[PDB]
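As structure tokens, the structure follows; a few thoughts come after it.
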Amino acid sequence: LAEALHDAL
Ligand SMILES: [Co+2]
């Protein structure tokens, strides 16, 4: 999750 969001943002 943390990484996925880091990228999406
Ligand atoms: Co990434």
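Simple scheme: letters A, B, ... for chains in structure tokens order, numbers from 1 for residues in each chain, numbers from 1 for ligands in the order shown.
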
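Using only C-alpha atoms and all ligand atoms as the basis for the distance check, residues found within 6 Å of ligand 1 are residues 3, 4 and 7 of chain A.
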
Mind dumping the selected residues with C-alpha atoms as a PDB file, in the first residue's frame?
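Writing the result to result.pdb gives the following:
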ATOM      1  CA  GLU A   3       4.521   2.209  -2.144  1.00  0.00           C
ATOM      2  CA  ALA A   4       1.486   2.096  -4.430  1.00  0.00           C
ATOM      3  CA  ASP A   7       3.716   6.344  -6.809  1.00  0.00           C
TER       4      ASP A   7
END

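On the backbone of this structure, DSSP gives alpha helix (DSSP H) within chain A to residues 2, 3, 4, 5, 6, 7 and 8 of chain A.
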